[PDB]
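Trainee: Quick one: the structure is below, questions incoming.
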2 protein chains.
Amino acid sequence: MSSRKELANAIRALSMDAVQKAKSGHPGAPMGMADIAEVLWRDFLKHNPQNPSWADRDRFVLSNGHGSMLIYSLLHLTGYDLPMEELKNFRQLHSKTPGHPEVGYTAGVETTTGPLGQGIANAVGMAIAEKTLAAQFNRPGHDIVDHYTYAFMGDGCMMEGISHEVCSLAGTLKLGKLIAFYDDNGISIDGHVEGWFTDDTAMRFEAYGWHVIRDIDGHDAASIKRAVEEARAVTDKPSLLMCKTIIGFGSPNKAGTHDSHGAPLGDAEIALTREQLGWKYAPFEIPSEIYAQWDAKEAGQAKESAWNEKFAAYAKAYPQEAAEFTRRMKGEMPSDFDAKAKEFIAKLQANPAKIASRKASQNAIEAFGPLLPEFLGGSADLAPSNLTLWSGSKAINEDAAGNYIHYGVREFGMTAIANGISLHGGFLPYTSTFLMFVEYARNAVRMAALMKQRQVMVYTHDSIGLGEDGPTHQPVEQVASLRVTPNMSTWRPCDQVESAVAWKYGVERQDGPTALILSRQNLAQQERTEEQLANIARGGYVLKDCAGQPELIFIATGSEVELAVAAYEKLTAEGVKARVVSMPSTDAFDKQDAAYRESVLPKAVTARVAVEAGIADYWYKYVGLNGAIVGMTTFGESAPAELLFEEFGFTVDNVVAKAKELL
Amino acid sequence: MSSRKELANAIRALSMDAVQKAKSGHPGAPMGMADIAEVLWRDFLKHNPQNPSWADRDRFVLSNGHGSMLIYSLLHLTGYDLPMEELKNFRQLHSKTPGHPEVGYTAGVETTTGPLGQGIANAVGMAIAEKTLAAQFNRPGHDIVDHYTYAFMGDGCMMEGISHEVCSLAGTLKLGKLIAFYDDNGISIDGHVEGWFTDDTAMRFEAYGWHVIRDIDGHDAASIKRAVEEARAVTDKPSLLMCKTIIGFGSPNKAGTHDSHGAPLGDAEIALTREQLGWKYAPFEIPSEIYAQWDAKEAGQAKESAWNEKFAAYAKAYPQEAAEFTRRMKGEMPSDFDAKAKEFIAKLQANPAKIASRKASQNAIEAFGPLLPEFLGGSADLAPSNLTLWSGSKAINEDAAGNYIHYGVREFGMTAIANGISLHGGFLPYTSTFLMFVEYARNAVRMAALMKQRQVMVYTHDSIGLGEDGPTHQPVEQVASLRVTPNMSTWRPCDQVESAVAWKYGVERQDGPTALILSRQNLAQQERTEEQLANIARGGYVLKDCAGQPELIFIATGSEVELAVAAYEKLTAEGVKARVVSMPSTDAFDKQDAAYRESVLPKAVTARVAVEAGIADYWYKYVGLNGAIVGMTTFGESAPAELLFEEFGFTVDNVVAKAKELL
Ligand SMILES: CC1=C(CCOP(=O)(O)OP(=O)(O)O)S/C(=C(/O)CO)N1Cc1cnc(C)nc1N
Ligand SMILES: CC1=C(CCOP(=O)(O)OP(=O)(O)O)S/C(=C(/O)CO)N1Cc1cnc(C)nc1N
Ligand SMILES: [Mg+2]
Ligand SMILES: [Mg+2]
């Protein structure tokens, strides 16, 4: 017979007690948002704790991810597979309750947050995925896609620039099933936010085309419930609920203070908080009657069973559509994709074309597009330069059943939206910008790798080869930054064949992202045997060789393979024993077993010459201390590209000369 | 005899002709903004072409930097040292007219733009610098600081998240002398912007607290002038002028189209444009009467001479303050700073303390603060964690003559604002956040290095040593990314003494930024001779040694130096000739003479073991192919730091074992 406030206080108790036992963590936000979470989760959220993978569940995102005990409490109380022992192991090694929530670690966590702002970006992507999937698959009388995307966010997320990027786009795309709750508590780590944060946030979001509900009492369940009902009734705009809350609600001495944000309350303060809240139970003790009101297993089972019957009827009327929905929601590839993609790759090798690898990428999209209806691609206002459109592209701002997103000049927001799209299921996202401006999206790229998400990242104009735009645009050190990122795959293809191989590798990579490093300028196609063609996917392989132990091994990537081969030919004609290794993917090469790596870069050969129009320091990993590196050590310059390659030493004469110093 | 429209058409002609001659560049925005520029530069801008370094000049920033021929036209026409021959060498190797404007390359260019959004961020920083410098130095009857900051920006800047960060903060700080012109032309690279950009931008900026002037006819001099007059009369709010323009104005067939954005118009179209504009002059022909109306040399010298006389009277009344103003505007250090800082460093070595290097950083700020009144420091909402406040910090939102900025949760905007502060003159900015979230500001960090700007970047919580917050917060590969950035200095100090040396190195840099990599946890102080103490500033030095040529060299940084020393003690006791090298700065080490680097890392010693809680791949540069690396190869985990170091191999047993594998 517990009131709604008592049910919300169960969150407050678990959160402050788990933080206290860990001696680490953030009690303030869970305590401030517990009443909002109680209304959302018990009255509106459509979910099944017994199947967190239900395709048509509502999605919930905690963008203020430091309040991780909020989501752990909700998952535990509603009946997910997250036992009380895991809450007692909050922030402990290998527990299911890490200090910030991580997808895959924990039943029912939808995304990994912690980096402020990216949660709401992920939620925008999930709402775009639902809207697009519903438009693609729903049929008259068979609305098999119909779910909401709810997000919690705080002052930190609102101040971050990425909130502007993704909430602006969400207004453009009229994401009426996206409902965000703003924890308007007036506190951040430096103290009272008025010293640095004075936006009329409601007016700002109305400028984006959002429906905004002002001045909600975040500690009054009836007020919260009425607001959510209003937001769900507005079907043509995303909704922002401005919830006035007290951080650390319940703590007599730390509520409303920055002290409650990110440190344990302390045992004496917790005792006083129990007395103020009227919460009598000991740490990690929850009575059966409170579990009875929180549990979602019976309602969740019933809702998913109803949906399963709806999907079964859909599968009868629309069998091919239903098979595709199941395939795409599972992330499985079409059964014939491997064979058709290999046939395309073989055709390219047999039919040389000297084209830019950005064009080879577009040709792969055109080839794979008819086979991968799950593609949801886009570019950050650079479709005619990145070459991301194919004949079958259809912008979703024109047709909601389309497959292409004009992201605007929003690299960070684009990449984190795409993380939300990949997390949702049903799609294979690709994103695109000039390689330099990956630096604007850098942490979302890292988050894709950390979350093991499939996304193809199409990064063009990869070096001084772009020419006159100059050093603010010319990448030098960006590829190295990607190569040292754990679980990132990075490909710098040297011709149209390596480009198609890299695209196939990316779409088939189920457990992490793949960045394609693509040229502005035309790249010569290299000759390959059948064995060499198959070895491209091994990341590094012997392209040109000699009999016996080489005196020199050239290691080259991308547009510089043509230069390395030319130097190899000059040296071979003078009687030098040389080898050329093409290294389109250092990460794929590193994953090959020791025997294969020894066959490509034998330990006996120390005279190694790396050639790449990128930062030189990276290449010590493969050249060692007794070789040479023909690379960049400076920023670029504004000039025609052919003059730049000459000025910076990417000439046959310089490569030959640096190699001869090792003989 | 020339009308204002004919004067603006000189910009149009020079811009379209120089783009055509280069067969490269962006004619549309210069042609669209030429009328706005004519009014701003001829009727309002206070500047002297004969001294572009005049301390009290207005600052102009082209945030839509692809329109570079706009600023080159203006600088040439008003009389700067930018001859017609340089405009005929637009985008050519070593010209003063690179494809995007670069500070230092060209008289009168205030900042380097090209990366969208960062120009307006730099402008916010310049306006903060002017407001703060005025508060510090102006005296009754002596207002020696009084100038405006004017910025041009387009749709790309408005879409970028950084515009939200810096314009939100500009509203909070009430930057009444900041006036921005929005080129509202409806076009971006993908086409008509309504498919991806639908903000009520005026309402958005009113939410920031800006004064906004809607619906300006950007091709009508009277409308523009009236709007600028209104914006200058609003002294307590930054102003945004919504200028409706036609991109490529004048071109019958490409005006208002994405085609005019980023490609030469073509010879035929330029001829049609001359006819439509009524422009009768050949390419690169400007008649003397048009120069006479544009030239700013006479008026600008009069204005600067008037200011010189004002400063002289200030110096009579306030001689110590005038001397400081001159010193700080020139960027010179106090003459006794070197000696006083060395005294502080020596005191630290003689009085050992085991403290976190973030605390040692705070202690260096406390020691240097009284000596460097030019400090204008801040943190992105992490003052209590980064430890950026000292006893003399005064926030400028409380006291305009202060020295500290609460930046809010805005890492990218903070860093690009600080670039504007350093470009303005008068200050030495420092910025700060958790090291992980440098990834949010990555391209602004790069721009500081590219522009050769002095800024100290204080990055704390540098490894898995931060503990329970987990892998979204624990840096692994970020330090390696900074280390390979051209013209970046990166320091990872191992105790409070190395931390003080690194701070001294950073503030004494005259030509680039310095990133400090600082621990959460306490670091033991190392014993040093006088020679070792002096060699910290060489970036790498011998900390522990043997007699004769070493058999084994440990190379360690930051918090892992203690681990390396413990392994050294174990192997030394066994009778191994071991050495420990402390490498707080790889870039300072690399710049040393070859004999010094050989004395530290002798080329004959291949048994090298690098030890650092960061990505392993970086260290091949110093250990080669025949050593060992005790580093990270994965993301982190949420757990207490002591357990993480054990789990990931940062133990004496593992370091010793990897060393014995080389012997
Ligand atoms: C600055 C910061 C916080 C501000 C919190 O203020 P808030 O209004 O969102 O939250 P509460 O009201 O809950 O205090 S939470 C936090 C953490 O490191 C922990 O994730 N950090 C550092 C941080 C900085 N920058 C980014 C991109 N992410 C972060 N997590
Ligand atoms: C997308 C993009 C531009 C369009 C900008 O449209 P706009 O409205 O600002 O300008 P116009 O009206 O003048 O079309 S200009 C351009 C370039 O690379 C060139 O700098 N880029 C790519 C680009 C992407 N992201 C960033 C951060 N900077 C860029 N310069
Ligand atoms: Mg808050
Ligand atoms: Mg535009």
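Residues are named by chain letter and number: chains run A, B, ... in the order of the structure tokens, numbers start at 1 in each chain, and ligands are numbered from 1 in the order shown.
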For a quick test of understanding: name the residues of chain B lying within 6 Å of chain A when counting only C-alpha atoms, and present them as a PyMOL selection string.

Mentor: chain B and resi 91-93+98-99+156+159-162+164-165+172+189-190+196+198-200+203-204+207-208+381+406+408-410+439+442-443+468-469+481+486+620-621+624-625+634+638-639

Trainee: Any chance you could export the current selection's C-alpha atoms as a PDB file, in the first residue's frame?

Mentor:
ATOM      1  CA  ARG B  91      45.962  29.866 -53.355  1.00  0.00           C
ATOM      2  CA  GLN B  92      49.487  29.588 -54.836  1.00  0.00           C
ATOM      3  CA  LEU B  93      52.541  28.238 -53.026  1.00  0.00           C
ATOM      4  CA  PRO B  98      46.220  31.252 -48.852  1.00  0.00           C
ATOM      5  CA  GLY B  99      42.906  29.562 -49.575  1.00  0.00           C
ATOM      6  CA  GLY B 156      27.727  26.403 -41.312  1.00  0.00           C
ATOM      7  CA  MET B 159      24.770  24.769 -37.314  1.00  0.00           C
ATOM      8  CA  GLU B 160      28.011  23.820 -35.522  1.00  0.00           C
ATOM      9  CA  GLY B 161      27.707  23.004 -31.830  1.00  0.00           C
ATOM     10  CA  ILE B 162      30.547  25.347 -30.916  1.00  0.00           C
ATOM     11  CA  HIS B 164      25.965  27.283 -29.114  1.00  0.00           C
ATOM     12  CA  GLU B 165      28.774  27.016 -26.561  1.00  0.00           C
ATOM     13  CA  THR B 172      26.098  35.479 -19.940  1.00  0.00           C
ATOM     14  CA  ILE B 189      26.949  22.738 -49.927  1.00  0.00           C
ATOM     15  CA  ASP B 190      24.105  20.195 -50.033  1.00  0.00           C
ATOM     16  CA  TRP B 196      18.519  20.208 -42.706  1.00  0.00           C
ATOM     17  CA  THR B 198      15.178  25.189 -39.830  1.00  0.00           C
ATOM     18  CA  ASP B 199      16.050  26.998 -36.557  1.00  0.00           C
ATOM     19  CA  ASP B 200      14.417  30.274 -35.708  1.00  0.00           C
ATOM     20  CA  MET B 203      14.771  33.352 -31.321  1.00  0.00           C
ATOM     21  CA  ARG B 204      17.711  31.083 -30.457  1.00  0.00           C
ATOM     22  CA  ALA B 207      17.404  32.911 -25.675  1.00  0.00           C
ATOM     23  CA  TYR B 208      21.134  33.505 -25.204  1.00  0.00           C
ATOM     24  CA  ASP B 381      32.922  23.305 -14.895  1.00  0.00           C
ATOM     25  CA  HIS B 406      33.859  29.762 -15.395  1.00  0.00           C
ATOM     26  CA  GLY B 408      30.686  25.827 -18.075  1.00  0.00           C
ATOM     27  CA  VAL B 409      30.528  22.402 -19.707  1.00  0.00           C
ATOM     28  CA  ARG B 410      31.907  23.742 -23.008  1.00  0.00           C
ATOM     29  CA  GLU B 439      38.547  14.981 -27.415  1.00  0.00           C
ATOM     30  CA  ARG B 442      40.472  18.466 -30.359  1.00  0.00           C
ATOM     31  CA  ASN B 443      40.401  20.780 -33.381  1.00  0.00           C
ATOM     32  CA  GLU B 468      35.829   4.009 -10.695  1.00  0.00           C
ATOM     33  CA  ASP B 469      34.423   6.407 -13.321  1.00  0.00           C
ATOM     34  CA  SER B 481      47.423  12.064 -30.065  1.00  0.00           C
ATOM     35  CA  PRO B 486      52.934  19.444 -34.913  1.00  0.00           C
ATOM     36  CA  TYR B 620      57.892   2.149 -30.646  1.00  0.00           C
ATOM     37  CA  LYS B 621      59.409   5.548 -31.465  1.00  0.00           C
ATOM     38  CA  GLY B 624      62.132   0.192 -31.526  1.00  0.00           C
ATOM     39  CA  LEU B 625      61.387  -3.386 -32.514  1.00  0.00           C
ATOM     40  CA  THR B 634      42.456  -1.709 -24.581  1.00  0.00           C
ATOM     41  CA  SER B 638      35.256   0.707 -13.786  1.00  0.00           C
ATOM     42  CA  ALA B 639      37.040  -0.296 -10.565  1.00  0.00           C
TER      43      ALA B 639
END

Trainee: Taking only segment 76-287 of chain A into account, list the residues labelled strand (DSSP E or B) by DSSP (computed from the backbone), as JSON, numbers by chain.

Mentor: {"A": [139, 142, 149, 150, 151, 152, 153, 178, 179, 180, 181, 182, 183, 184, 187, 188, 191, 192, 211, 212, 213, 214, 215, 216, 217, 239, 240, 241, 242, 243, 244]}

Trainee: Grab me every residue within 9 Å of ligand 4, counting only C-alpha atoms and all ligand atoms, and send it over as a compact mmCIF listing (two decimals) with C-alpha atoms, in the first residue's frame.

Mentor:
# COMPACT_ATOMS: atom_id res chain seq x y z
CA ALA B 29 30.09 34.32 -49.96
CA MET B 153 29.44 34.04 -40.02
CA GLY B 154 27.25 31.81 -42.16
CA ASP B 155 24.88 28.84 -41.92
CA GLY B 156 27.73 26.40 -41.31
CA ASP B 183 25.07 35.75 -43.80
CA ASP B 184 21.49 34.44 -44.11
CA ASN B 185 21.56 33.29 -47.75
CA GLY B 186 19.64 29.99 -47.52
CA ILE B 187 22.38 27.91 -49.20
CA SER B 188 24.95 25.38 -48.04
CA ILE B 189 26.95 22.74 -49.93
CA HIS B 192 18.74 24.69 -49.99
CA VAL B 193 19.32 24.57 -46.24
CA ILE B 247 25.03 34.10 -52.49
CA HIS B 258 24.97 26.11 -54.34
CA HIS B 261 29.59 28.39 -53.15

Trainee: Using only C-alpha atoms, determine which residues lie at most 7 Å from residue 555 of chain B, disregarding the query and same-chain residues fewer than 3 positions distant; provide the list as a list in words.

Mentor: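 The residues that qualify are residues 580, 581, 582, 583, 609, 610 and 611 of chain B.
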
Trainee: Any chance you can output those residues with C-alpha atoms as a short mmCIF file (atom, residue, chain, number, x, y, z; two decimals), in the first residue's frame?

Mentor:
data_model
loop_
_atom_site.label_atom_id
_atom_site.label_comp_id
_atom_site.auth_asym_id
_atom_site.auth_seq_id
_atom_site.Cartn_x
_atom_site.Cartn_y
_atom_site.Cartn_z
CA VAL B 580 65.70 4.70 -15.59
CA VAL B 581 64.96 7.55 -17.99
CA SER B 582 62.21 9.95 -16.98
CA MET B 583 60.55 11.34 -20.13
CA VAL B 609 61.33 -1.03 -21.69
CA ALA B 610 58.75 1.74 -21.90
CA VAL B 611 56.31 2.04 -18.96
#

Trainee: Considering only C-alpha atoms and all ligand atoms, can you say which of A:15, A:386, A:586, A:245 comes closest to ligand 1?

Mentor: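 Of the candidates, the smallest distance to ligand 1 is held by A:245.
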
Trainee: Neighbouring residues of residue 236 of chain A were defined as those with any atom within 8 Å, considering only C-alpha atoms; residues of the same chain fewer than 6 positions away were excluded. Please report them as a PyMOL selection string.

Mentor: chain A and resi 174-176

Trainee: Please dump the current selection as a short mmCIF file (atom, residue, chain, number, x, y, z; two decimals), in the first residue's frame; keep N, CA and C atoms.

Mentor:
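Wrote out12.cif, looks like this:
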data_model
loop_
_atom_site.label_atom_id
_atom_site.label_comp_id
_atom_site.auth_asym_id
_atom_site.auth_seq_id
_atom_site.Cartn_x
_atom_site.Cartn_y
_atom_site.Cartn_z
N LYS A 174 11.01 16.56 -37.10
CA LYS A 174 9.69 16.46 -36.48
C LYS A 174 9.51 15.13 -35.76
N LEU A 175 10.45 14.83 -34.86
CA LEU A 175 10.50 13.54 -34.16
C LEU A 175 9.53 13.57 -32.98
N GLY A 176 8.24 13.39 -33.30
CA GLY A 176 7.20 13.54 -32.30
C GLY A 176 7.20 12.48 -31.21
#

Trainee: Given only C-alpha atoms and all ligand atoms as the basis, pick out the residue of A:575, A:140, A:264, A:256 nearest to ligand 3.

Mentor: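 Among the listed residues, the smallest separation from ligand 3 belongs to A:256.
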
Trainee: Skipping near chain neighbours, those fewer than 6 positions away, what residues fall within 10 Å of residue 572 of chain B using only C-alpha atoms, listed as a PyMOL selection string?

Mentor: chain B and resi 545-546+566+578-579

Trainee: Name the residues of segment 58-262 of chain B that come out as helix (DSSP H, G or I) in a backbone DSSP run; write them as an NGL selection string.

Mentor: :B and (68-78 or 84-87 or 118-137 or 155-159 or 161-172 or 193-195 or 201-207 or 221-233 or 258-260)

Trainee: So, counting only C-alpha atoms and all ligand atoms, which residue among A:303, A:297, A:359, A:461 is closest to ligand 2?

Mentor: A:461

Trainee: Need the shell around segment 648-663 of chain A: protein/DNA/RNA residues with any atom at most 7 Å away, counting only C-alpha atoms. Skip same-chain ones fewer than 3 positions apart. Format as number ranges by chain?

Mentor: A: 563, 566-567, 607, 609, 627-628, 630, 644-645

Trainee: Produce a file of the selected residues containing C-alpha atoms, as a PDB file, in the first residue's frame.

Mentor:
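That gives us out32.pdb:
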ATOM      1  CA  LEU A 563      55.045   6.267 -55.261  1.00  0.00           C
ATOM      2  CA  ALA A 566      57.774   3.542 -58.650  1.00  0.00           C
ATOM      3  CA  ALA A 567      60.737   3.645 -56.260  1.00  0.00           C
ATOM      4  CA  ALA A 607      65.979  -1.704 -43.786  1.00  0.00           C
ATOM      5  CA  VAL A 609      61.015   2.526 -45.555  1.00  0.00           C
ATOM      6  CA  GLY A 627      64.930   2.358 -41.254  1.00  0.00           C
ATOM      7  CA  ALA A 628      63.466   5.464 -42.871  1.00  0.00           C
ATOM      8  CA  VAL A 630      58.979   9.442 -45.839  1.00  0.00           C
ATOM      9  CA  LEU A 644      52.724  20.162 -52.292  1.00  0.00           C
ATOM     10  CA  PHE A 645      53.746  16.551 -52.896  1.00  0.00           C
TER      11      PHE A 645
END

Trainee: Extract, using only C-alpha atoms, all DNA, RNA and protein residues at most 10 Å from residue 20 of chain A, discarding same-chain residues fewer than 6 positions from it, and format them as a list in words.

Mentor: residues 14, 26, 27, 88, 90, 263, 264, 265, 266, 267, 270 and 283 of chain A

Trainee: Take atom CA of residue 36 of chain B and atom CA of residue 221 of chain B and report the distance between them in Å, one decimal.

Mentor: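 One can read the atom CA of residue 36 of chain B to atom CA of residue 221 of chain B distance as 7.3 Å.
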
Trainee: Could you please determine the separation between atom CA of residue 104 of chain B and atom 30 (N, counted along the ligand's line) of ligand 2 in Å, to one decimal place?

Mentor: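 Separating atom CA of residue 104 of chain B from atom 30 (N, counted along the ligand's line) of ligand 2 is a distance of 20.0 Å.
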